[PDB]
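The structure appears right after this line, and notes come after that.
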Amino acid sequence: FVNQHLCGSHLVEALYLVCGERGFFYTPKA
Amino acid sequence: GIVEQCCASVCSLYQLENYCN
Ligand SMILES: [Cu+2]
């Protein structure tokens, strides 16, 4: 696998692919 | 955090696994 530059919605897509049915939390900074 | 690192820098799929439930 390779390193990733992922901003905005592209990071959400990556988390979805990585976690699948386990689900995930998307937790940006304040 | 990860949202920030992945965008301002880079991150790996293995680092993202840390956010799965
Ligand atoms: Cu885009």
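Ligands are numbered from 1 in the order shown, residues from 1 within each chain, and chains are lettered A, B, ... in the order they appear in the structure tokens.
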_Surrounding residues as a PyMOL selection string, ligand 1, max 8 Å, only C-alpha atoms and all ligand atoms_ = chain A and resi 7-10
*Find the residues near segment 23-27 of chain A: any atom within 8 Å, counting only C-alpha atoms, skip ones fewer than 6 places away on the same chain, and give them as JSON, numbers by chain.*
{"A": [12, 15, 16], "B": [3, 19, 20, 21]}
Pull out every residue of chain B that has at least one atom within 7 Å of chain A, counting only C-alpha atoms, and report them as an mmCIF file with C-alpha atoms, in the first residue's frame.
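Okay, this is what ended up in selection.cif:
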data_model
loop_
_atom_site.group_PDB
_atom_site.id
_atom_site.type_symbol
_atom_site.label_atom_id
_atom_site.label_comp_id
_atom_site.auth_asym_id
_atom_site.auth_seq_id
_atom_site.Cartn_x
_atom_site.Cartn_y
_atom_site.Cartn_z
ATOM 1 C CA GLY B 1 -5.237 14.675 14.156
ATOM 2 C CA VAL B 3 -7.983 14.465 9.279
ATOM 3 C CA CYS B 6 -3.681 13.196 5.772
ATOM 4 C CA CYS B 7 -4.344 16.568 4.148
ATOM 5 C CA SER B 9 0.944 15.953 5.054
ATOM 6 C CA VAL B 10 0.374 12.350 4.004
ATOM 7 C CA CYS B 11 -0.921 9.285 5.782
ATOM 8 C CA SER B 12 -1.127 5.524 5.293
ATOM 9 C CA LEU B 13 -4.027 3.167 5.060
ATOM 10 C CA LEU B 16 -6.555 5.118 8.920
ATOM 11 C CA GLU B 17 -7.343 1.692 10.345
ATOM 12 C CA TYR B 19 -10.352 5.151 13.079
ATOM 13 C CA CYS B 20 -12.429 2.062 12.346
ATOM 14 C CA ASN B 21 -14.922 1.022 14.956
#
*as a count of residues only, list the residues of chain A assigned to helix (DSSP H, G or I) by DSSP on the backbone atoms of this structure.*
14
